[PDB]
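Okay, so here's the structure we're looking at.
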Amino acid sequence: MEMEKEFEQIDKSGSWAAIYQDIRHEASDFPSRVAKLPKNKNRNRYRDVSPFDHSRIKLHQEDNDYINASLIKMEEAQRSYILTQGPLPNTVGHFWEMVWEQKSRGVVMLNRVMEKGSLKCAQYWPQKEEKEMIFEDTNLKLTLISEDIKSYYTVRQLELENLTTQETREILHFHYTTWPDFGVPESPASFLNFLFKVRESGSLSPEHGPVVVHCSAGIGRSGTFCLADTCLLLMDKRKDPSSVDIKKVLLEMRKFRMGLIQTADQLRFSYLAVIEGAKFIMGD
Ligand SMILES: Cc1c(C(=O)O)oc2ccccc12
Ligand SMILES: Cc1c(C(=O)O)oc2ccccc12
């Protein structure tokens with residue numbers, strides 16, 4: 001496997017930091033003027049993480065259409081993803097407005113609500129069946145239907161009701177609960193098992209709106225998830241699977257959201273995940 005030989009060449013040479021800085025240097029720079037308007041300051045978790053204007057998701061409202069969220073559209077793979085920050089106390093209603101308006105079937109969460117002793121996102125879904133949540137600013141109701149807790153992830157069934165029309169939809173919440181507070185997982189086995197559970201649900205399929213994927217900033221862990229999924233899909237579709245270039249796929253994804261893959265360790269982990277996942281793509 002050429003990809004694995006390259007991995008072995010970068011590992012033996014210890015050049016992960018050098019490869020990663022080359023990506024940072026060649027990455028796209030597009031305007032984010034709407035993100036930086038004074039009216040939007042309390043809609044951004046991090047001053048240095050903003051959606052580009054050309055790819056941002058617009059809310060269907062005349063007052064203020066802004067959310068920190070990007071559409072990643074992968075033309076050859078025929079997959080789309082929405083990558084967004086962890087919701088803030090004043091954007092939980094906007095978050096669920098976006099899921100409703102974009103016709104999404106799945107939400108993929110890659111962080112815990114508290115990590116490193118600090119809050120990384122709002123508690124934006126209900127924890128008990130009999131205590132539903134109402135978002136008065138966007139006119140939505142959200143109810144917990146069922147919860148399935150596993151060793152490495154939790155899957156939840158949620159009911160989202162548009163209180164304006166009384167239409168309801170089932171949303172699937174896929175919560176990866178074991179990413180370590182520091183660094184990356186030692187093995188990609190649990191992360192690949194999780195990716196395959198999201199796929200098997202239909203949440204990534206073209207009959208639905210794009211999956212919504214978040215972590216705290218929506219660029220690091222979130223970037224790893226979409227990069228691994230698109231690379232493995234391209235390996236399945238191409239006559240020459242050996243031709244899939246993870247660095248070129250990452251730079252294509254960075255045309256749509258800044259900063260995807262935050263560290264050289266996240267870049268090495270993405271290679272390991274694709275290399276191990278291919279071995280099943282090889283029919284094994
Ligand atoms: C990358 C790759 C190679 C190779 O590098 O030779 O062979 C494959 C078979 C299936 C899926 C991916 C691959
Ligand atoms: C998803 C769901 C709902 C709902 O969305 O209200 O009600 C159920 C009953 C059994 C199994 C699944 C469901």
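Once you've got the GNM for the chain with C-alpha springs shorter than 10 Å, pick whichever of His214, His175, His60 has the biggest mean-square fluctuation.
For the chain, modelled as a Gaussian network with Cα springs under 10 Å, the answer is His60.
Taking a threshold of 27 Å on the Cα-Cα distance, which of the pairs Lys12/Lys247; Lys12/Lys197; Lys41/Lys247; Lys150/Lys279; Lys120/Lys248; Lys12/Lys150 fall above it?
From the list (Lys12/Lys247; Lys12/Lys197; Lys41/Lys247; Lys150/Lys279; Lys120/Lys248; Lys12/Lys150), the Cα-Cα distance tops 27 Å for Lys12/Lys197; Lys41/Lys247; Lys120/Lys248; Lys12/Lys150.
Return the sequence-ordered ³J(HN,Hα) values of region 105-121 in whole Hz as given by the Karplus equation 6.51 cos²θ - 1.76 cosθ + 1.60 applied to θ = phi - 60°, using x for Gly and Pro.
9, x, 10, 10, 10, 10, 10, 8, 4, 10, 9, 6, x, 9, 7, 9, 5
Net charge near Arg47, counting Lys/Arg +1 and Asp/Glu -1 over other residues with Cβ under 11 Å of its Cβ?
That sum, taken over residues with Cβ under 11 Å, equals +2.
Using a 10 angstrom cutoff on alpha carbons, build the Gaussian network for the chain and name the most mobile of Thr230, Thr168, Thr143.
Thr168
Show me 263-272, 200-209, 90-99 ranked by packing, highest mean number of other Cβ atoms within 10 Å first. Write out the running numbers ahead of the final one.
Values: 263-272: 19.4, 200-209: 14.3, 90-99: 21.8.
Result, highest mean Cβ count within 10 Å first: 90-99, 263-272, 200-209.
Expressed as a whole number of Å, what is the distance separating the alpha-carbon centroids of region 13-61 and region 117-131?
26
When the gyration tensor of region 1-145 is built from Cα positions, what are the square roots of 5 times its three eigenvalues, in whole Å, from largest to smallest?
So the three semi-axes of region 1-145 are 33, 20, 17 Å.
Tell me, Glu101, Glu186 in order of fewest to most beta-carbon neighbours within 10 Å?
Starting with the residue having the fewest Cβ neighbours, the order is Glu186, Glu101.
Rank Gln123, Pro210, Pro188 by how far each Cα sits towards the positive end of the charge dipole of the chain (+1 on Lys, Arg Cβ; -1 on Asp, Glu Cβ) and give me just the farthest.
Highest projection toward the positive end goes to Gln123.
Beyond 18 Å, how much of the Cα-Cα pair distribution for region 185-259 remains, as a whole percent?
Roughly 47 percent, once rounded to a whole number.
How much net charge surrounds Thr91 when only the other residues with a Cβ under 15 Å from the Cβ of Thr91 are counted, with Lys and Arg +1 and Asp and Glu -1?
Summing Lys/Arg as +1 and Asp/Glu as -1 gives +1.
For the chain, what proportion of DSSP beta bridges, expressed in % and rounded to the nearest 5, is antiparallel?
Of all bridge pairs located within the chain, approximately 70 percent are antiparallel.
So what are the three principal axis dimensions of the chain from its Cα atoms, in whole Å, longest to shortest?
Principal extents (Cα only, largest first): 56, 41, 40 Å.
Values in this text are rule-based calculations from the coordinates and carry no lab data. For neighbour counting, all protein chains shown are included, and Cβ atoms are generated from backbone atoms with ideal geometry for every residue, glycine included.
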